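The next block holds one structure in the form of C-alpha cells; read it before the comments.
Because the Cβ atoms are built from the backbone with ideal geometry, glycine has one as well, and the counts that use them run over all protein chains shown. Please treat every number below as a calculation from the coordinates, not as lab data.
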Ligand SMILES: Nc1nc2c(ncn2[C@@H]2O[C@H](COP(=O)(O)OP(=O)(O)OP(=O)(O)O)[C@@H](O)[C@H]2O)c(=O)[nH]1
Ligand SMILES: Nc1ncnc2c1ncn2[C@@H]1O[C@H](COP(=O)(O)OP(=O)(O)CP(=O)(O)O)[C@@H](O)[C@H]1O
Ligand SMILES: Nc1nc2c(ncn2[C@@H]2O[C@H](COP(=O)(O)OP(=O)(O)O)[C@@H](O)[C@H]2O)c(=O)[nH]1
Ligand SMILES: COc1ccc2c(c1)NC(=O)CN2c1nc(Cl)nc2cccnc12
Ligand SMILES: [Ca+2]
Ligand SMILES: [Ca+2]
Ligand SMILES: [Ca+2]
Ligand SMILES: [Cl-]
Ligand SMILES: [Mg+2]
Ligand SMILES: [Mg+2]
C-alpha cells in the first residue's frame, strides 16, 4: 500500500474537498467523529482505504488532506462544520487577506509569505507515510489563490518530492457562476506555469456541471453545493481504484501510463452516467448498454466538446454497481457500429474496464438518486482542445488592449509572462491539432 | 473482439478489451527564490517611485 | 479584508455621510444608541466591515467627521443618529474654507490635516485587516474638495497598499453655491485620477433632473438630492455589508471594474426612483427593475450611456425575487443591446442578489457602470473651467493662498487627457 | 429581436439571406466578432465550431455542419464511399475512383482494374481532379500519372463517362445541379428547381484535350466555349424545359428517368454521415446548403460527380431558395410574430 496526499487550494478546491471527503467517509463507512466500526485492525494497517486515511491509537481515521486558503471564511466553515472532528487543525491553513482574483497576487505577493508554512504542513503528512505515491491537487483556474498559489505550490512539490506523481482536479471558468472578469488571464498563467509539474489533470467546466444540474436534476439555479456533490461523485469514481481492492489504476503512475502517453496532452475528458433526480417519483433503471452509450453524449461530459471531431489516445470505463464483463462487451460492440470512435493510428483501439460491485453512494438528502449501476468514462481525446481554444480567445480579446494587466504588473509580474504563458498555450493547441487531424 | 488480463476479487473485476491493434527543466529551489525575489524588487521599486512622487 | 474606515469632509461630505450612517444603521438593526434590536442574522455577520464593537456589546461606526468649520458637524451631533459616532472622531477647525480649494489643500487644511490622520491611525491600528478607506465629499467647495484630496494624498503615503474609494458629489450650475465650483472640481478631479482606486461620480446635475423631471418635485432641496444619494450609497455597498454568494471587498471591486488605472470613475444608477415620504405600494417586477436601473433617467451621473460603451458593469438586486428571472433579464439586456458593451472584455456584466431590501421597498436594483460616457461629465466641467480660466476670472481668490496659474493649466490638462483616454476605448 | 453575424462576405446565397433577415425587422446584424449572436453565417475555412453553444441565454445556430467536408472534398468523398459499408465498393451510382498523391495512396490498386481495361478492350479513359483550374482527360495516362506528380495537392483519378446522354438539337453534354438543405433536425430538403449547366459545343469522342464539349462549368463556357447562350440563356436549362424535352424526345419524365435516382443518392449520402455530423444532442445547432452535381448517361442512369459544401445558386432562383432557407432552416429555430422543397424520407421494412 502507497499513501496519496490530497491538497485543496482556494474556495473551489476547499468546497470540492469537503464534498469528496464527506462522500469518501460515507463509502468507507467512516463516521463524522473519524471512527470506522468495519476496521478491525485498530491503530493502523495497510488496507486500500489507508491510501487516503491514516489511523490513531483511539481508532480515528484522518484524511491525508491539506486545505489551503489565503482567506479564512471558507476553511472556517470546515473548522466549525459537520466534519470538524475528522481533521487535524494543522491540516487547515488560512491567511488573512486573499489574492483578489489576481494570479500575480496569489503567486508572487501573498504566495511567498505562506508557501514555506504550507510545504512544512505537507512534509508532516509525508513523514507519516511508509511509501508516498504523490499528490491530488484540487483548485479553480479562475481564483487568484486557485490559479496563482497552486502553481507556486506545484513548482515546489516537484523540487521537494521529484519522484512523486501529481494529479490535478481543476475547475475551468464558466461565466454563469464565475465571480471575476480576469479568470481567462488566471487560467492561462496557471496552466503555463503548472503544465510540466502535472502528470494528469481532470478539468471540470462549471458550464457542463451547471447544465447537467439544470437538465437532469431539475434545479432552476444550481448552487456550489449542487455542483460540488455532482463533481465529488465523479472524483470518487476516478479515485475509487486507489481506495478499493482492484487491478486497474491501482497507483497514481498507472493514471499516466493508461491515460497520458504524450506528457503535455495530459487532460483526460470525464463522462459520467447516469445523473437522476432524487425527487423523481418513478425512475425505470438504466442498463449497462444505456449508461455506456451515455458516455458518448457531450451532454454528460465534464467539458462540452465533440469527441467525433477528434481522436482518442486512451479510454477507461469505471463501472460502479451491478455490472459484469459480458454486458460491457455487448454494450461496447453495439456502440462501435453506431458512433464515430476514431483512435490515433499509433494506439490500440481498446477500452480498459474497471468494475467495483458497490453501487454509487449518494449523500442523504442530496439531489442524486441511488442507481444500481453507474459509469465514469476517462477518454484522452483531442476534442478537449476546444476548451483551450475558447479560453485562449477570451484571453486574446482582453490582452490585445492590455485590459487589467496593470493589476498583475503592480504585484511584481512582468507583462512578458502573459505572452510567454500564451505562447505555451498556442504550442499546446498545435500539439492537439497535430495528433488529431 | 479480444478480452484480456481479466482480474477478479471480492470488490469487483477489471479487464482490457481490444478491437483493432495500432494502425501503425523542473527548476531548483534557488531559481524559484530568485523569480519570487525579482518580483518583490519590482514591487519595492514601484512603491519607492510612488513615495518619491508623494514626497515631491 | 474586513474593516473599512469611513471619512466625511466638509458640508456635503458630512450631510451625505450622516444620511449614509442613518440608512445603513436602520438596515443592520442598529438604533441611535448603538444597541442592536434586529431580527435577522445576515445583519450582524459582516457588521464589523463598517462598525467597531464597543463596551456593552454596542456598535460604533468606523467613521471620522472632518470640517474646517463647526456648523454642519454640530448639526450632525444634533441630528437623529448624531450620538452613534465616537466623539473623538469629530475633527474641526474654526476658520472655514470659503468654497476655496487652495484654503482646503494648502493653507487652512494643512493646519488641521495631521489631527485627522491621528484619528485615522487610531482606527486603522485597531483593524484585524483594513481593506481601506471610503470618503464622502463634494468637489465644488473648499473643505471636501481641497482638504479631502489633501487627506487622500497623505493616506496613500501612510497606507499605500490599501484601497481608496470616494463618493465624490460633482457641482452643477442648477445647484450652485458659487461661480468657482468648476475651479474647485477640476483641481479635485486631478487628485482623484492619481490617488483613488474607485470613485462614485454623484452628479448634482443628475440628482436635480431626477428630482424635477421624474420625481415631479418643483423646488428640490439638498434633502431631496441627499435621498437619492443615501439610496445609491446603500445600494453600491450591499455586497460589502451583507453575506451572499458574492462576498465582495473594495479590492475585488477595483480589480474587476477598472481595466485601466485612471478609468475608475463609476456611473451609479438606482431603481425604482422614490421621493421620500410618499412611497407607492406597487412592488416592481424583475423585468421593470432591469429596464429602469439601466435607463439614463436612473443614472446619478448626468451622462447618456448610449453616447459611450460599458467597460464593466456591476448590478445588485435587493429583495425576495426569482434568481432565475434576474439571470434571464440581465442576459436579455446584454444580448438585446450588445453594441454598448466592449467585445474585448468578455462577460463584463456581473450580478449579485441580497434577500434584505432597503427600508420602504419590497424590491430594488442598484447599478454601477464604468462607462466611457462619463467623459461627458468631465467635458461639462472642462467647458465651465475654460469659460472662466481664459480671462483668469476669480483666480485672485487662489493666487492669494500661494497658488500659481501653472497649477490650473496642469489640472485642465490632466482632465482633458482623462477625456481623451475615455474617447480612446469608445472607438476600439 | 434575433441577432446574426456575417463572416463570409463573398457568399452569394447568405448575402441574400442576411438581406431578407434585416427586411423582416426582427433580425439585427452584429459586428463580425460579437460573440452574442443567435445565428452565425460562417467563414469557409477554420470556422471556430468550438466557440459555438457556450453563450448562456442564447440558442446558437450556424449555417455549416462540422465534418460535412468528408462529403464535399474530392479525395475524402472517394474514401467515404469506398470505406462506408452503407455505400459499398459495388455502389452503382459512383464512377470507379482512386486517390493518387504526388511523389494513403491507391496507385498500385488503380493499375490492376485499369490494366484489365486494356485486356478488356473497354473504352478505358479517365479524368483526374483536385479540391477549369487544371483538369486533364487522357486515354492511357502516360500524361495523367505524370501530369500532377508535378503540382501541389492530392488528386482523384475517376472513370470518365465516355457514353453520356446527348441533348438535341446540339449533340452536346450537361451536368445537373440540385440544391439540398439539411435543417437542424436532419430533415433533408431537395429544392424542386434544379439546373442543367450545358455545353454549347457538340460532344467529340476522339479529341479529349478539347476541354469545352467535355467540361460543363459556367466559368469555362464564357471563356473558351464560343456558342455561349445559343440554345438556352446562358448554358442553363431549367426543369420545365428539360422535362418537356425528355417527354418530346424520349417519352419519359424528369421525375421517373432521373429524379428518383437523385433523391436516392442524396438521402444515401447524407444518411451515411448523419451519426458523424448530426447536432441533435449538441450545445449548438447546424444547418447547411449543399450543391449535388450529377451526370446522366445515355441509358438514363444518374452518376454522382461531387458534392459542394459552399454552393452558389443560379440567378433567377436566389430569391426563392434564399427565402426557403429562412422559412425552413432559420425561422424553424427562431420564430417570428405549397412548400419550396421535397422532403427526402423513406422507411422500408426488412
Ligand atoms: N465548481 C465550483 N466552482 C467554484 C466553487 N467556488 C468557486 N468556484 C469557481 O472558481 C472561480 C473563482 O475562484 P475561487 O476558487 O473562488 O478563488 P480562490 O482560489 O478562493 O482565490 P481568491 O479569492 O482570488 O484569492 C469561479 O470560476 C467560480 O465559479 C465551488 O465551490 N465549486
Ligand atoms: N467522371 C466524369 N465523367 C464525365 N464528365 C465529368 C466527370 N467528372 C467531371 N466531369 C465534367 O467536369 C464537370 C465537373 O467537374 P468537377 O466535379 O471538378 O466540378 P468543379 O468542383 O470544378 C465546379 P463545381 O463545384 O460546380 O462542380 C462536369 O460538369 C462534367 O462536365
Ligand atoms: N448633493 C449635495 N450637494 C451638496 C450638498 N451640500 C453642498 N453641496 C454641493 O457641494 C458644493 C459646495 O461644497 P460644500 O460641501 O458646501 O463645501 P465645503 O463645506 O467647503 O466642503 C456645491 O457644488 C453644492 O451644490 C448636499 O448636502 N448634497
Ligand atoms: C464586471 O465584473 C465584476 C464586477 C463587480 C464585481 C466583480 C466582478 N467580482 C467581485 O468579486 C466584486 N464585484 C462586486 N463588488 C461589489 Cl463591492 N459589489 C458588487 C455588486 C454586484 C456585482 N459585483 C460586485
Ligand atoms: Ca485499520
Ligand atoms: Ca515532474
Ligand atoms: Ca490659522
Ligand atoms: Cl522524491
Ligand atoms: Mg478566494
Ligand atoms: Mg456649502
*Hey, fewest Cβ within 10 Å first, where do A:200, C:303 land in order?*
A:200, C:303
*With 5 Å bins from zero, work out the P(r) of the stretch A:384-437 over every alpha carbon pair and list the percent per bin.*
4, 17, 26, 21, 15, 9, 5, 2, 0
*If you find the alpha carbon centre of the stretch A:386-402 and of the stretch D:1-54, how far apart are they in angstrom?*
21 Å
_Need one number: the % of Cα-Cα pairs in the protein assembly as shown sitting beyond the 54 Å mark._
35 percent
_Structure-based [θ]222 nm, the protein assembly as shown - -39500 (n - 2.57) summed over DSSP H runs of at least 4, per residue, nearest 500_ = -11000 deg cm²/dmol
_Most mobile listed residue (C:318, C:282, C:359) in chain C, GNM with C-alpha springs under 10 Å_ = C:282
*With a/c under 1.5 counting as rounded, go ahead and sort the stretch A:225-377 into rounded, prolate or oblate using the C-alpha gyration tensor (a ≥ b ≥ c being the square roots of the eigenvalues; past the cut-off, prolate if a/b is larger than b/c, else oblate).*
prolate
*Just the number, please: Stokes-Einstein D of the stretch C:316-427 in µm²/s, Kirkwood Rh from C-alpha pairs, 4 °C, 1.567 mPa s.*
72 µm²/s
_Using only alpha-carbon positions, what ratio does the radius of gyration of chain D give when scaled by 2.2 N^0.38 Å?_
1.05
_Report, to one decimal in Å, the Kirkwood hydrodynamic radius for the stretch C:260-373 based on all distinct Cα pairs._
14.6 Å
*asked:* Averaging over every viewing direction, what projected area does the convex hull of the Cα atoms of the stretch D:137-255 cover, in nm²?
replied: 10.2 nm²
*In what order do A:313, C:299 fall by count of nearby beta-carbon atoms within 10 Å, going from fewest to most?*
A:313, C:299
*Based solely on C-alpha atoms, express the radius of gyration and the Dmax of the stretch A:187-241 in angstrom.*
13.9, 40
*Rounded, prolate or oblate: pick one for the stretch A:1-268, where a ≥ b ≥ c are the square roots of the eigenvalues of its C-alpha gyration tensor, a/c under 1.5 means rounded, and failing that, prolate if a/b is larger than b/c, else oblate.*
rounded
*Value of D in µm² per second that Stokes-Einstein yields for chain B, Kirkwood Rh from Cα pairs, at 25 °C (0.890 mPa s)*: 138 µm²/s
*Determine the shape class of the stretch C:1-259: with a ≥ b ≥ c the square roots of the Cα gyration tensor eigenvalues, call it rounded for a/c under 1.5, and otherwise prolate if a/b is greater than b/c, oblate otherwise.*
rounded
*Kindly provide log₁₀ I(q)/I(0) values, in the same order as q = 0.12, 0.13, 0.15, 0.18 Å⁻¹, from the Debye equation applied to equal alpha-carbon scatterers of the stretch C:120-182.*
-0.38, -0.43, -0.54, -0.69
*With springs only between Cα atoms under 10 Å apart, run a GNM on chain C and tell me which of C:154, C:19, C:336 wobbles the most.*
C:336
*Could you let me know the centre-to-centre spacing of the stretch C:206-253 and the stretch C:279-304, using Cα atoms, in angstrom?*
12 Å
*Return the FRET efficiency for the residue pair residue C:282, residue C:33: r is the Cβ-Cβ distance, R0 is 45 Å, and the value is rounded to the nearest 0.05.*
0.80
*Calculate how many DSSP beta bridges within chain C are antiparallel, expressed in % of all such bridges and rounded to the nearest 5.*
40 percent
*Theoretical FRET efficiency, 1/(1+(r/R0)^6), r = Cβ-Cβ of residue A:163 and residue A:121, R0 25 Å, to 0.05*: 0.75
*With labels modelled as points extended 7 Å from the Cα through the Cβ direction, what inter-label distance (nm, one decimal) is found for residue C:328 paired with residue A:284?*
3.2 nm
*Sort largest first and round to whole Å: the equivalent ellipsoid semi-axes of the stretch C:146-223, each the square root of five times a Cα gyration tensor eigenvalue.*
29, 14, 9
